[PDB]
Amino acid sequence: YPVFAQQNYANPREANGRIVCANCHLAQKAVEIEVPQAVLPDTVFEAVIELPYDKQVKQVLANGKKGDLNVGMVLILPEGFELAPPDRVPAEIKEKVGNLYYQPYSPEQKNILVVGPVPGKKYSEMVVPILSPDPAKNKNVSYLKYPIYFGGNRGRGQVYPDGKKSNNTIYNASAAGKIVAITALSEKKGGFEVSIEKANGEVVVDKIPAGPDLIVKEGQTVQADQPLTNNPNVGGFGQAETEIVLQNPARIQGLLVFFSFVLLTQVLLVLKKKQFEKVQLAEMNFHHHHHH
């Protein structure tokens, strides 16, 4: 969960650009994010994100049964960029957004937004109303091309903050040996205890929760760290990056005035060329050099 991140990661982004949601959410699935090429100061533009996944398949739920997936995300914006306050968002836009309540990664990091968990059935595609800062007012924000880092996931994680696995990951042989017995646990406890007999004769027991399906039968031999189950996880995390240009109208205006100076000049040049070729053509006539 994004809160997990918040609780265990001061900065959701690592030196190499990896987003922390990946320390636990071990699957990988494409994501999207699109924003305008550029935006004027103190304006509300929208970040459009996509966390595509096959809504047909079902994941292993917390308990042990199979259900629907939820989505969450972390959007990292440039200093100065923050969530547009409801009183700044156009009604029509508010529509595209839906009933989502984007939150600040922390009281300080208002430039980092998180959301979810929420029904990925309805929010596999989201819209985030954002408000560009204003160089005039705020100083530490100039007209530049800024990056935007997006993190997105749908599905349950593989590790908990404390480090222990979960019902949505793969389980491996705590050691090498022979499977002497795969015995189940209370009907209302779920899972099994895979008993593995080493070489010395010692028997170790590997607790496996409900969710993952065993893929080893009794009597077969196994290599340590070998998979005892399949990988139930059907969700996935995905990163993405992009940029946004905080524009200043004045620049494009000057650019336009400049263009006209150029265009003017270019025409005068070629017209002048043509004018003179008149002359050139004339003097190329023999009657110019001979009275006959």
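Don't overthink the numbering: it's just position in the shown sequence, from 1.
K.L.:
Would you determine, from the values in the PDB entry, which of 30-38 and 60-68 has the greater average C-alpha temperature factor?
P.N.:
Per the PDB record, 60-68.
K.L.:
Between 238-246 and 221-229, which has the larger average Cα B-factor in the PDB entry?
P.N.:
Per the deposited B-factors, the answer is 221-229.
K.L.:
Go through 77, 118, 136, 73 one by one and give the residue whose Cα B-factor in the PDB entry is largest.
P.N.:
Comparing C-alpha B-factors across 77, 118, 136, 73, the maximum falls on 136.
K.L.:
If I read the C-alpha B-factors straight from the PDB entry, which of 181, 100, 83, 89 is highest?
P.N.:
Answer for 181, 100, 83, 89: 181, with the highest C-alpha B-factor.
K.L.:
In terms of the chain's CA B-factor thirds, is residue 188 lowest, middle or highest?
P.N.:
According to the entry, residue 188 has a C-alpha B-factor in the chain's highest third.
K.L.:
When the deposited Cα B-factors of this chain's modelled residues are ordered and cut into thirds, is residue 132 in the lowest, the middle or the highest one?
P.N.:
Answer is lowest: the recorded C-alpha B-factor places it there.
K.L.:
Going by the recorded CA B-factors, say which third of the chain residue 161 sits in, lowest, middle or highest.
P.N.:
For residue 161, whose C-alpha B-factor we compare with every modelled residue in the chain, the answer is the lowest third.
K.L.:
Thinking about Cα B factors across the chain, which third does residue 54 belong to?
P.N.:
As the PDB entry reports it, the C-alpha B-factor of residue 54 lands in the highest third of its chain.
K.L.:
Check where residue 94 lands among this chain's C-alpha B-factors and tell me if it's the lowest, middle or highest third.
P.N.:
Middle third, going by the recorded CA B-factors of the chain.
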